[PDB]
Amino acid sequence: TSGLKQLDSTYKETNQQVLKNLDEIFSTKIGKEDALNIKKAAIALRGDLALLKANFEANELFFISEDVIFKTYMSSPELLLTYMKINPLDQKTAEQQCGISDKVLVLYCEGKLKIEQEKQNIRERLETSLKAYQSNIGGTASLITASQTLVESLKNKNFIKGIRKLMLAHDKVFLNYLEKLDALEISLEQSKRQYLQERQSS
């Protein structure tokens, strides 16, 4: 989806601007431990913003490499079956879980197992992303209080909305990988099914 790179881009741009005006937004004689709190919030918000960007960028990185997998060995049962022949699982696991006589049925079984593994990896990533986001998005609120004009705080509000739109979009990419792998697992069984109808002709 190209709406992704759009959201991505708007985030990056306006995040750069906020980091630029950070000294200005939080700007600094007897009750001036309040100025400490201000410099405290400033420091905290840098950290929150940075951990958020770090999370997105780790995700953009996984997507590039994950997408290739869905163009290659996870693109069809035919290709996964091939991958699995060349790249079989260790003898322990292929015995505990895949000790069946037909050598082709072992490909199908090692295949399903591979899809399962991939699903687990993807959900863990989505979970890590979620946790990292949730623990940092709240700190972003400092921006509203710290803005001096109402006009400026509504700019910051709209900035934060970008963060959330982009994050929602990332969640959807994860969920969609999980969907593709589930559909693949079905195709693989439709494939296993035909193999068994074709096997009963000999």
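The first residue of the shown sequence is 1; numbering continues from there.
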- Please count the deposited residues lying between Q148 and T149 that the model leaves without coordinates, and give the class: none, 1 to 3, 4 to 9, or 10 or more. none
- Item | Mean C-alpha temperature factor, higher of 161-169 and 138-146 | 138-146
- Message: Per the record, averaged over C-alpha atoms, which has the higher B-factor: 49-57 or 31-39?
- Response: 31-39
- Of the residues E189, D182, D23, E13, the one whose Cα carries the largest B-factor in the deposited record is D23
- Among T72, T128, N87, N121, which residue carries the highest C-alpha B-factor recorded in the PDB entry? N87
- Item | Among modelled residues of the same chain, the CA temperature factor third for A132 | lowest
